[PDB]
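J.: take this sequence and fold it.
(one chain, ligands or ions: 1)
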Amino acid sequence: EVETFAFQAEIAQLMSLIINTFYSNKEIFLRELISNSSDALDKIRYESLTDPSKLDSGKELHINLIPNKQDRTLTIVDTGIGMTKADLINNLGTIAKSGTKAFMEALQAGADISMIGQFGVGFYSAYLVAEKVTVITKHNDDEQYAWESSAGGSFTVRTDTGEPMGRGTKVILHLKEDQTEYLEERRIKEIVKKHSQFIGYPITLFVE
Ligand SMILES: O=C(c1ccc(O)c(Sc2ccc3c(c2)OCCO3)c1)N1Cc2ccccc2C1
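T.: Numbering: from 1, shown residues only. Provided below are the atomic coordinates:
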């Protein structure tokens, strides 16, 4: 059973700008997603201090980068706090409306797309390199969900019957055909070293 939702108008406009604007410095998507993982890991660690049972779904706190040339996917997996259905369906888009307008206005004022994370909407930089983004996520006391969007104004949510994750978030980037450099070991390593050097969790770059 698949539910289809419309993006808020401001978010659809943001995704169209990210897809249509000429901007060569696309590699910033990876820093934004690793930062979101790091924040998610921070939060489950923080909450586990007053409720240790929140780590019953997994004590290890890490980030995995997994390229797959055959599927043309780059997957970023973390064991952070995960997202609820409400996070996916309504609540994150609500928060993102304010930051989106501010980011739009800053871009008109001379800001650069690489500043997107200062407005809380860095996730959408995934569309610099991906034609479709699939997000698998598991929050404690909620189901495992698959969120998915190829832009165009809509996204889907379904309960996910794939491999159980325990807890956390998996962002699957289905790369555009001219963006396969982000499947190369040397390129991913260069980007992580340049932009994600001080992340406070082990980042493992898988190879094939
Ligand atoms: O679970 C996550 C997570 C982890 C790694 C990521 O790259 C992303 S990207 C992303 C962002 C927004 C979305 C979306 C994907 O999909 C559809 C709805 O809104 C999210 N949390 C949870 C959590 C709690 C506190 C602070 C920061 C965070 C982040």
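
J.: mind checking the SS state of residue 65?
T.: Three-state call for residue 65 (DSSP: H, G, I helix; E, B strand; the rest coil): strand.

J.: wait, isn't it in contact with residue 73?
T.: No - the criterion here is CB atoms under 8 Å, and residue 65 misses it with residue 73 at 11.3 Å. The way it works is simple: take the backbone N, C-alpha and C, and place the C-beta from them, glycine included.

J.: which one of the two is surrounded by more residues?
T.: Using other CB atoms under 10 Å as the criterion, residue 65 and residue 73 rank with residue 65 on top: 23 against 18.

J.: partners of the more buried one in the sheet?
T.: residue 76, residue 205 (DSSP bridges).

J.: for the remainder of this discussion, apply numbering that starts at 39.
T.: Renumbered: residue one is now 39, and that last one reads residue 103.

J.: need the contact list for it.
T.: For residue 103, the contact set (CB atoms under 8 Å, 6 or more residues apart in numbering) comprises 112-114, 226, 230, 241-244.

J.: which of these sit farthest apart?
T.: Spatially, the most separated pair among these is 113 and 230, at 14.5 Å (CB to CB).

J.: show me what from this structure comes close to the ligand.
T.: Residues of the chain lying close to the ligand by CB under 6 Å from any ligand atom are 71, 74-75, 77-78, 81, 116, 118-121, 126, 130, 161, 173, 175, 185, 207, 209.

J.: of those residues, buried ones?
T.: Neighbour counting with 16 or more other CB atoms under 10 Å marks 71, 74-75, 78, 116, 118-121, 126, 130, 161, 173, 175, 185, 207, 209 as buried within the residues of the chain next to the ligand.

J.: any idea how far residue 119 is from residue 84?
T.: 9 Å (CB to CB, to the nearest Å).

J.: picking that back up, looking at the contacts of residue 103, which one is closest to the ligand?
T.: Nearest to the ligand among these is residue 114, at 6.0 Å by CB to the nearest ligand atom.

J.: just checking, the closest one touches residue 206?
T.: No - the pair residue 114 / residue 206 is not scored as a contact, 10.4 Å apart, by CB under 8 Å.

J.: show me where this structure has helices.
T.: Here the chain has its helices, by DSSP state H, at 47-58, 66-86, 123-124, 130-146, 223-233.

J.: name the residue most distant from the centre of the chain?
T.: What lies farthest from the middle of the chain is residue 88; by CA atoms, centre = their mean that is 27.1 Å.

J.: measure that residue to the ligand for me?
T.: The gap separating residue 88 from the ligand is 16 Å, by CB to the nearest ligand atom, to the nearest Å.

J.: next: residue 157.
T.: Distance from residue 157 to the ligand, counting by CB to the nearest ligand atom: 13 Å.

J.: list the residues that contact residue 64.
T.: By CB under 8 Å, 6+ apart, the neighbours of residue 64 are 166-167, 217.

J.: one more: residue 210?
T.: By CB under 8 Å, 6+ apart, the contact list for residue 210 reads 111-113, 171-174.

J.: what is the nearest of these to the ligand?
T.: Closest approach between the contacts of residue 210 and the ligand, by CB to the nearest ligand atom: residue 173, at 4.4 Å.
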